[PDB]
Every structure is written in C-alpha cells, then in structure tokens.
Amino acid sequence: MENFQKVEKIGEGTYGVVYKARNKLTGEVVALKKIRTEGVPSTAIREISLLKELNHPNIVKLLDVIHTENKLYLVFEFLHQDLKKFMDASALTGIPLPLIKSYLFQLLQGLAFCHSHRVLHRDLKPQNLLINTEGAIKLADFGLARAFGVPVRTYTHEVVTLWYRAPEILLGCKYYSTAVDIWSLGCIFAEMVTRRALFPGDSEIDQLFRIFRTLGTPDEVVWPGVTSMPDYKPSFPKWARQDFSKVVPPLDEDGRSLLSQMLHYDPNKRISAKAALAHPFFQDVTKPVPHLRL
Ligand SMILES: C=CCNc1nc(N)c(C(=O)c2ccc(Cl)s2)s1
C-alpha cells in the first residue's frame, strides 16, 4: 500500500498479516489487514463492503475496504491492546471481577447488535477482542468468515486456534447459527476468570474430547440430533459431566449459571446475547478503567 505508511507489523491475522499504518492524507493511525489468490471473489468484496455500515461502540469499525492493484485490504480503527495480551499481562493478579463483568457485558452487547443485523462472527478469540484505556472492549472481524471461508491454515503456515470452537462445528455441521458466538464468548469468559484457557485442544479431536471430559459426552437426551451430526462417532468415549463448580472457581453462582447457559451443547438451548444481557449476573455491572501498559 502507498496511501499508507506501515509503522509496524502488528501481528498475524486469520486471513493475513496485520499492520499498524498511517493514512497519508489524514494522518490517522489504523489497523490495516492484507487479505491473502486468483482474483478475489466479487461476492466477498460486496459482502464485506456491507460491513462498513455496522456501527456500535463495541464493534471495531471497518473504516474501508480497499481493492486496488488486484489486492484486498481492510482498514479498521486502531485499538491499543488485545485481550490476549491484557490477560497475559494480568496473569499474576488476574483481571478484577468488576472489569471481567464489564467486558463480558459489552461483548454481549456487540454480539446482540451483530446478531440482530444477521451477522455472525464465527471465530471469536482473545486476539480479536480489542480494548482501550477508557474501559471499552470491541469485537473485530465480525462477518468475515461468512464472506470469505475459514481456511485450514494461513499462508504463513501458522497454527489456527481451536480453543473457542463450538462443538457443532467440531462435529462437522456446515450450518452456523448465532449460538457459535455465544459458545466462544463463554470460553473467553471462563478464561478471564480462571486465567487459563478452558478447552486448550491441540487438534480437532483433542478439542472435542476436552469439551466432553468437562461437560460430559453429549447424547440424544441433552442434544437431540447429535448422533446424526456429520463427524459424530458412536465410538466416542463416554465421559461423565463434571461438577460445574470445579470448572470456574471461584466465580459466584450467578456467573456460573450464566456460563452454563452459554455452554449448553444444543445450539438451540444456548442463551442468546440479548437474553444474557438480562441475566442477574449483570445487575451490579459497572464500567471500570483497566490498567493498560502500552
Ligand atoms: C498493539 C495494538 C494493535 N491494535 C489493533 N487494532 C486492531 N483493530 C486490531 C485487529 O483488528 C486485529 C489484529 C489481529 C486480529 Cl485476529 S484482529 S489489532
């Protein structure tokens, strides 16, 4: 890109490298993402372009879609730190509960907004949750997966994380629903509380079995239709569900209750973002400022 000035290489995005850049005509700093190649689907540019229309305090604004020199670029508002880094920085003391609650509440608002606009994320993870000094947290990359197509591996041959993947996706369901995002957010909520990833699988089957070992191997009783999912196998080991109090100590009953509703196996039974916002866990929610080291 010329219309920009690459300050640094922020990191590795799901679809390509992410750069911290400066708009040459405005002097503004943004998050520039180069999308990894046979012409660029015209369907994608149209889909993605509609996203520039989404506007919410908890959604990282897609400023522009730039298609020039037969290369694709997405220009996003720049935020100063991601939740992965903040969690790592908060590892010794943990994120204070009131801030964890504020972040969860805000993320649910961003989800509620996108879902009401018929937009799913499908690949929520600590790396695409961005925070600022003011106490806000925003979701980036909403609607990209559907417009594009989650590739097995990036062109950088970097490992894609499966830790936040809903069980229905792992079982090979090719139809997504808003519930996949609630699942990912539930996993993130648990990780903020315990300071350890909930289901750190290193493979698709390891990821599935780690979920099974904690929540019990699903059956037709708790998840009608599961034995007919594409990758379900009658040979899956049968693990008993573990007492949920052992899962996220020392989160209180309201928090554990909300989390269990975000982690129901049946997508249809999983709580909606809108309903979650009404949960008693948020009765005393506030908006604390985080201690960010930039
Ligand atoms: C050190 C400050 C970095 N600032 C950033 N700002 C934005 N907007 C970022 C992203 O959208 C993503 C980057 C990677 C994924 Cl995955 S989403 S990173």
Side-chain angles (χ1 to χ4, degrees), residues 1 3-4 10-21 23 25-26 28-80 82-83 106-132 136-151 154-155 160-161 164-166 169 174-185 188 272-274:
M1 262 294 112
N3 307 82
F4 289 103
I10 293 179
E12 289 298 314
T14 70
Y15 295 116
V17 290
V18 184
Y19 294 118
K20 175 176 186 176
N23 188 299
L25 61 82
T26 52
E28 59 183 295
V29 305
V30 305
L32 186 58
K33 314 191 180 189
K34 314 179 75 297
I35 302 302
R36 160 190 163 192
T37 299
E38 294 299 304
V40 178
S42 67
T43 60
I45 57 82
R46 294 159 191 155
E47 265 259 289
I48 296 297
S49 295
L50 290 171
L51 300 183
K52 312 167 79 301
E53 287 48 55
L54 271 54
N55 305 313
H56 186 87
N58 302 120
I59 294 299
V60 174
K61 186 198 169 185
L62 171 57
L63 295 173
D64 222 320
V65 171
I66 302 170
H67 190 198
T68 56
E69 251 52 273
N70 281 285
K71 302 300 285 57
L72 195 174
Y73 293 94
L74 303 186
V75 184
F76 282 93
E77 66 170 303
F78 182 85
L79 271 97
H80 267 81
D82 65 34
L83 192 68
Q106 291 179 66
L107 294 171
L108 284 172
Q109 291 184 63
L111 280 195
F113 173 82
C114 292
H115 291 176
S116 68
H117 283 66
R118 299 161 161 176
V119 181
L120 294 50
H121 184 116
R122 114 146 273 299
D123 187 34
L124 282 177
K125 50 199 173 181
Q127 299 195 318
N128 50 40
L129 295 186
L130 293 148
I131 61 177
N132 63 23
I137 183 161
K138 308 189 179 191
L139 306 119
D141 299 349
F142 245 104
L144 276 51
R146 170 165 176 169
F148 296 126
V150 54
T154 57
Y155 77 110
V160 65
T161 187
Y164 312 101
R165 198 73 84 231
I169 302 175
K174 354 68 244 173
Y175 310 95
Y176 301 75
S177 84
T178 52
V180 307
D181 290 339
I182 293 300
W183 178 278
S184 303
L185 188 56
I188 298 177
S272 67
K274 179 183 188 175

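We use all heavy atoms of the structure for the numbers below, so side chains are in, but hydrogens, waters and symmetry mates are not. Quick note: residue numbers are just sequence positions, from 1.
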CG-CZ distance between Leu111 and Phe142, expressed to the nearest 0.5 angstrom: 4.5 Å

Donor-acceptor contact below 3.5 Å, side chain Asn58 vs main chain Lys138: no

Approximate separation, where rounding is to 0.5 Å, of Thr43 OG1 and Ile48 CD1: 9.5 Å

Stepwise side-chain contact (heavy atoms from CB on, under 4.5 Å) test for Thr68 and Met1: CA-CA 9 Å; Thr68 56; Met1 262 294 112; 3.0 Å; yes

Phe113 and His115 aromatic centres sub-6.0 Å: no

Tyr155 and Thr37, any side-chain heavy atoms less than 4.5 Å apart: no

Full working for side-chain contact (heavy atoms from CB on, under 4.5 Å) between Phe148 and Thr14: CA-CA 11 Å; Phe148 296 126; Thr14 70; over 6 Å; no

Distance, nearest 0.5 Å, that separates OG of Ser184 from CG of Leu107: 11.5 Å

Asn132 side chain reached by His80 side chain, heavy atoms, under 4.5 Å: no

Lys34, NZ atom: more than 12 neighbouring heavy atoms under 6.0 Å: yes

Flag, side chain of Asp141 to backbone of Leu144, donor-acceptor distance under 3.5 Å: no

Heavy-atom closest pair, residues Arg122 and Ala145: CG-CB, 3.1 Å

side-chain contact (heavy atoms from CB on, under 4.5 Å) assessment of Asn3 paired with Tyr73: CA-CA 12 Å; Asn3 307 82; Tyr73 293 94; over 6 Å; no

Main-chain N/O of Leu63 paired with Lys52 side-chain donor or acceptor, under 3.5 Å: yes

Spacing of CG belonging to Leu130 relative to CD1 belonging to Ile137, to within rounding of 0.5 Å: 8.0 Å

Side chain proximity check, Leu62 to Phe76, heavy atoms < 4.5 angstrom: yes

Shortest non-hydrogen contact between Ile182 and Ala273, atoms and distance: CD1-N, 3.7 Å

Over-ring placement of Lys33 relative to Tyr15, 6.0 Å and 45° cut-offs: no

Closest non-hydrogen atom pair between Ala31 and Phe78, with its separation: N-CB, 4.0 Å

Contact check, side chains of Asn23 and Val30, non-hydrogen atoms, under 4.5 Å: no

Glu53 CD: over 12 foreign heavy atoms closer than 6.0 Å: yes

Within-4.5 Å side-chain heavy-atom neighbours: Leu120 and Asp181: yes

Atom of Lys125, atom of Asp123 and distance for their closest heavy-atom approach: NZ-OD2, 2.8 Å

Working for side-chain contact (heavy atoms from CB on, under 4.5 Å), residues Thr178 and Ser272: CA-CA 8 Å; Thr178 52; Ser272 67; over 6 Å; no

Where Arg36 and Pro151 come nearest, the two heavy atoms and their spacing: NH1-CB, 3.8 Å

Exam field: side chain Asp64 to backbone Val75, donor-acceptor pair closer than 3.5 Å: no

Heavy-atom pair with the smallest gap, counting every atom of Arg165 and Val150: NH2-CG2, 4.5 Å

Spacing of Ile188 atom CD1 and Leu129 atom CG [to the nearest 0.5 Å]: 4.5 Å

Value rounded to 0.5 Å, distance of CG in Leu124 from CG in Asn128: 6.0 Å

